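Each chain, written out:
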Amino acid sequence: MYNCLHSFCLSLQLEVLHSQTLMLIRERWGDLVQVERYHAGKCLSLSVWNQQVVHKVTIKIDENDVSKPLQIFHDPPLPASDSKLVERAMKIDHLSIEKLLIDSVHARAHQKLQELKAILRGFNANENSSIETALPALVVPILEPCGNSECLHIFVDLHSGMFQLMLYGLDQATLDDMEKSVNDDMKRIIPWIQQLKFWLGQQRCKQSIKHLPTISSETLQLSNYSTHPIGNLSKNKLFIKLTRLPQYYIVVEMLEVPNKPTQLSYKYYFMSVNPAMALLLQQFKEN
Amino acid sequence: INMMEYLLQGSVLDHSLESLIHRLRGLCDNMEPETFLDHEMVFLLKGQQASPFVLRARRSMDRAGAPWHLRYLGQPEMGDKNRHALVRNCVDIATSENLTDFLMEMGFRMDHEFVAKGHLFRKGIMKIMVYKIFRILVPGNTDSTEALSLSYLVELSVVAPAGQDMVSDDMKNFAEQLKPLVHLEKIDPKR
Amino acid sequence: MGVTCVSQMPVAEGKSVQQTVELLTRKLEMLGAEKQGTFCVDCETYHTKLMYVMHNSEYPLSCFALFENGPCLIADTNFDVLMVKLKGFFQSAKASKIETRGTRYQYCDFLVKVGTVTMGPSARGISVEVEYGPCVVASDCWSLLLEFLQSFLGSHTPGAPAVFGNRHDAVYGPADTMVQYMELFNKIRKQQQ
Amino acid sequence: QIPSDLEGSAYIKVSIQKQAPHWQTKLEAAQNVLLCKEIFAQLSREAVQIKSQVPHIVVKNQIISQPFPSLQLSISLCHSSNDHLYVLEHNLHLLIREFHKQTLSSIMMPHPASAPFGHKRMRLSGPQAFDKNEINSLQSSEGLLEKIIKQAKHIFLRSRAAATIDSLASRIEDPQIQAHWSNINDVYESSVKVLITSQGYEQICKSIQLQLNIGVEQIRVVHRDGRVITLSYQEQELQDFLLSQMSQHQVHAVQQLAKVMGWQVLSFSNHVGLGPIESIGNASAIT
Amino acid sequence: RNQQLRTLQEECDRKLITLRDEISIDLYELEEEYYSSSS
Amino acid sequence: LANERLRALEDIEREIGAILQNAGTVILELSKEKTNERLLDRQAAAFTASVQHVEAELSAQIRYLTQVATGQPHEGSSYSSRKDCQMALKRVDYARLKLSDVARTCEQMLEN
Amino acid sequence: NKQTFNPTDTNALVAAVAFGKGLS
Amino acid sequence: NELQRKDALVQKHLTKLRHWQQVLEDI
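Looking at the entry header, you'll see cryo-EM listed as the method and 4.4 Å as the resolution.

Printed below as a string of structure tokens:
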């Protein structure tokens, strides 16, 4: 009696899960999950994170041991053990195939975020990045005293497996370029973060001088530029023209402090200008 | 590419017209009727050929800001590909309002004007237009007009790509849904 | 329908057309203009009186029919098909297709399009078009266009196309730009060399 | 006889949280259930397939999004099968209703009988020549999720701005601060007028008035004297801004008071440059 | 049916708009009183 | 709408009248003496007039139904206007609940 | 039984709209 | 005087609210 009504109930559960996957493919997912194998009453095998834009979750009833319920195998990862997540990725007591897919892909997204955090601590011991787990997200700060914004948020879209980045005031083109380069390979995040220091620095300058009467710019096309010390400065500078009195510029040069990788050092110069020519430069005292 | 126009044509005496309209409001899409009022004028270019070129220009008098419309209608295809509809080549062009003056420079001269006033419905791709043709006398004026006959004209038209079968059969079925009230058929333009 | 001005940049008396185009686009990249795509302008002449058919990139659904002193038609793209349907009354008059190709720079409601006029294979001149978006009335914002053209053209700065010269409060239209392009193309065809 | 799968009652429930005649009733209830299923199918498909900033999670009947980093929006289809914001549910129904009525519109009808078919402005694009921007603006299908998330972002940002203004009106009593919200809002815009007057001198000191234009992720400030400042969605920015404006008010009051009492204004500097460095903004001075 | 339902909708919207205007005037008075309170 | 339906209702009543006139005529014929033979002729003419105009009305209505039949399921509807009216009424209900809450807080403030 | 459409009217109107028969 | 003025304002507002509840109930 147990063999007959247990075998029938388990194959009924497999039929319910197959019908659910056909609903998900037809309605909302659509080529983000594909049925690899389905033998009725024997096995079901789904494929997520596919090669076109590879991973598999299989559900098998064994032809032995009628004592146990349905068996779940994540055969491409055999995923690394995070104790809460791999627990939830190994039960279909609830008959939701989408919960199983989301929990498996959630555990894989957590592993991918942790290898990103490993890359960042490889470049920088004493990192202060943080993994949030409601959505799978990595918040990495670019300058060390920072708000809740001015932080690179990294998400993994757990229907596709890609990375998605989010800064606040970035242009969309550089965000697309960063997303493409990181989704190509992880180890190119570290050239970008340094580039996101100086950009952020200019934001923190241009918010500063918004109430005073100035005009800020990043490029000043004057002549001389190869004899005047203004040519012999770094390429990350900011020219703040005073508008109540033109011919007067305050030039902020941003430099990397060598030991601290998440701090900047500013240098303020005072240029005057007359085919515009530089005239003089003096540096202000630190403190 | 080159789009083709499929036509079925017929007519309806006016005292039964309302029943037709009510029938169409059942069968056509869930819309109020449109009540178009258009001025149509026909230009021709007397070239070297025995057949002069013909062009139709429509200004929608009722709606302000509607772009003028040019239409070139090719001669009907004698091939029996779609046996049940007038299959012609149609080139339809939205245009600015200096068109007539421009056409006067191209060598075109007018043939006749007529107002057309009626209703407009649709069903999928099909366009049903039920209109009365109004002869203009005093050719500049659009108000001096007289009705051509007592009957309204009914046109069932589908503009769509070259070839493209299983179109005329749906027009046959939609014509047969009206067959007590109207007789729509492929009428040849000769005589 | 913003006020535009079309002009011929001369040869420079030396180098290639491409190098002078590099010079002008370099000056534009100095002033703070940003590339926002490319642009193409096509003109063909049809004859039985001459008629012109022109296409802009900016108005991609429209084709302009220019009767040299007569009225302009604007129509949708199917007008081209009608010329192929005409085909006996209006011959195509080949070896007069003319194009300009280039990049379009935007600098704070100014659109600068610098193209290389290419009759067939050989590029035979530089077209420069500056459109000022906000103004809609010709000859009122003309001094603005003059200062911008004096900023980056410097010398060879054009002055006051005759479409402006109808001196009223007449609203500028998109036909006037294609009129200016047709005049420029006729000047380049007669320039030839 | 209603179809099964349409019985019971269903409704969309939209929430914001800071956390990780007999037959008439039956047929109306079943039609409402059908429309709620239509809405949630649209939303879940746009969540899974359309690539968006800060991606969402669709589990079975619940969509979870993180529009702002401290914020969590949840859209859930509650099917009874026998904190909630009503405004977004009502706007969801109207959005899907407009999305239906776009197909059945009278704008597709061509008044010229010869004219083929299609939208009216797309016909007008030919002769009345349109640029790229108008053409793309006519044909831009923005999904339901982007619209609802932009509305919820504006609701939360506007509530935060009202909260910071009322907290400054409660805490600080030294100048004063007033607010006058406008009568008319959009789903993505509101406006205030902030005065800062001293307590018994509302005719003298009328020199600092602001207008904030609370967009979706930005607060745009227009001063009385022609200074335009765009803040961000954080509530520390608006607090520091209004604190600096109270500080400048405490000097403009004395200037316009010495105007009344006949005293002679020797020197006035709106942002003084000598002395200790102030943390929030610059300091003002008269004598 | 369509015309009757349109008339009911228009009556509801006129009532709501007039309600909004009266509530807005009251809100203006209350804002002046609350923000100008000495406390 | 009430016109053709009331015609159908009248034909129902006249079918009853036809049966009652049949019955009344054979009632008068079954009498031992039936003096009102003129009334027998009147009831006979009433019976035949009833049957004839019942035939006339039903034939006319089958003809009219033949003129306006299509065999197609009438794709018109009135759903969208009912939907918009329901949304308007729920807007009014939401405003009523909120006004109740504001009045309750005003009563709490004035109550002390 | 009653006639809703005259076919001579059909031919006259389609000859009026197909070319200028009856308009000029 | 601030107390009495606040109570006068809230009383006028409350009467207007009750009138508007009686209006909106009748649709």
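Another point: the side chain of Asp 38 of chain B. Examined against the element boundaries, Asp 38 of chain B turns out to sit in strand 2 (residues 36-45). Residue class for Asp 38 of chain B comes out buried when judged on its relative accessible area of 0%. Of note is the side chain of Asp 38 of chain B, whose polar atom sits 3.0 Å from the side chain of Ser 60 of chain B. Only 2.8 Å separates the side chain of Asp 38 of chain B from the backbone nitrogen of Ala 113 of chain D, close enough to count as a polar contact.

Take the interface of chain D and chain A next. Listed per partner, the contact involves 31 residues of chain D and 29 residues of chain A. Note on chain D versus chain A: buried area summed over both sides is about 2600 Å², and carbon and sulfur give 56% of it. Among the residues chain D hides against chain A, the three largest losses belong to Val 48, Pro 55 and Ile 57 of chain D. Together they make up 20% of the total. There are one salt bridge connecting chain D and chain A. In this structure, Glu 179 of chain A engages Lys 51 of chain D in a salt bridge whose closest nitrogen and oxygen atoms are separated by 3.9 Å.

Residues and elements named next belong to chain D. Spatial ordering of the open sheet is given by 1-4-3-2, a layout of four strands whose pairing is antiparallel. The open sheet terminates on both sides in strands that have one partner only, identified here as strand 1 (10-17) and strand 2 (57-58). Here strand 3 (residues 62-65) pairs with strand 4 (residues 72-79) via four bridges, running antiparallel. Within the sheet, the bridge partner assigned to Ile 64 lies in strand 4 and is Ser 74.

Between chain C and chain D, the residue contacts involve eleven residues of the former and nine residues of the latter. Between chain C and chain D lies a buried interface of about 750 Å² when both sides are counted; carbon and sulfur atoms form 59% of it. Among the residues chain C hides against chain D, the three largest losses belong to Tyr 59, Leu 61 and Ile 74 of chain C. Together they make up 45% of the total. At the surface where chain C touches chain D, the tally comes to zero salt bridges. Between chain C and chain D we count two residue pairs in polar contact in total. Residue classes in the side of chain C that touches chain D are distributed as seven nonpolar, three polar and one charged.

This paragraph deals with helix 3 (residues 168-176) of chain B. Residue and element names in this part refer to chain B. Residues of helix 3 that are buried include every one of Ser 168, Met 171, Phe 174 and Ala 175, and no others. Burial along helix 3 is one-sided: seen end-on, the buried residues are contained in an arc of 120°. Contact partners of the buried residues in helix 3: strand 1 (3-12), helix 1 (17-27), strand 6 (109-123), strand 7 (126-136) and strand 9 (152-161).

Time to look at the environment of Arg 7 of chain F. Counting through the fold element by element, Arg 7 of chain F comes out in helix 1 (residues 2-30). Sequence separation between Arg 7 of chain F and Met 87 of chain F is 80 residues; the distance between their C-alpha atoms is 40 Å.

What counts and how
Residues numbered from 1 in each chain as written, not as in the entry; some residues may be left out. Chains lettered and ligands numbered in written order. Part of a larger assembly, values for the part shown. Heavy atoms only, no water. Helix = DSSP H or I, 4+ residues; strand = E, 2+ residues; numbered from the N terminus. Buried < 20%, exposed > 50% of the residue type's maximum accessible area, 1.4 Å probe, protein only. Polar contact = N/O pair within 3.5 Å; in protein donor to acceptor, adjacent residues only side chain to side chain. Contact = heavy atoms within 4.5 Å. Buried area = accessible area lost by both parts, 1.4 Å probe. Salt bridge = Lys/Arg side-chain N within 4 Å of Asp/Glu carboxyl O. Pairing = 2+ DSSP bridges. Nonpolar A, V, L, I, M, F, W, Y, C, P; charged D, E, K, R; others polar. Arc of directions from axis to C-beta.

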